[PDB]
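Some notes on the structure that comes next.
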Amino acid sequence: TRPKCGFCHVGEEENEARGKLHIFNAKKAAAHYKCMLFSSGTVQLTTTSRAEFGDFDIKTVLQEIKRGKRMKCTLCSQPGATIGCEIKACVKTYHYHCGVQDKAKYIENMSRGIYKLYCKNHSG
Ligand SMILES: [Zn+2]
Ligand SMILES: [Zn+2]
Ligand SMILES: [Zn+2]
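Heads up: take any position in the sequence shown, counting from 1, add 207, and you land on UniProt numbering.
Take a look at the structure:
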């Protein structure tokens, strides 16, 4: 009944770790803030933070949820793993929490609007 993230398949019980669950339509398409923020195809439109949610192109987020159905996580093997390593040919791709667990590096630059993941092989 209650909504769950279209990426990681969990609802509001993981809001603190994965970011607030946002709901996008009456079919309960939804995503935690970090799950959508780092999704490779999510288009950000204005400055964002956890304190002040920015503007995003929600159509791109819904497209990413759809793509996610095809994307098995590098760590857990379940679908919805749309946070791909930034290095173009790298196959590693994650759910947000799985990337943390598998020692990926998350890069954030709030002023430039840069949010990306580098896997453990591309961490430098
Ligand atoms: Zn999520
Ligand atoms: Zn996973
Ligand atoms: Zn990589």
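Backbone N, C-alpha and C define an ideal beta-carbon position, used for all residues, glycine too.
- The closest CA to that of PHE231, considering only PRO210, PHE245, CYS215, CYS292, is found on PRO210.
- Beta-bridge partners of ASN316 (DSSP): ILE321.
- Counting of Cβ neighbours within 10 angstroms places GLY331 among the exposed residues, the total staying below 16.
- Between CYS215 and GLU221, the C-beta spacing is below 9 Å.
- For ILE272, the enclosing alpha helix (DSSP H) begins and ends at 265 to 275.
- The Cβ atoms of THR255 and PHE263 sit closer than 9 Å to each other.
- Annotation for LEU282: no alpha helix (DSSP H) segment contains it, and DSSP assigns it neither H nor E.
- When the alpha-carbon of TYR303 is set against those of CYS212, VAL217, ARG225, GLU219, the nearest one is in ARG225.
- Note on geometry: alpha-carbon atoms of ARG257 and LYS227 lie some 8 Å from one another.
- Annotated three-state conformation of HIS216 is coil, per DSSP.
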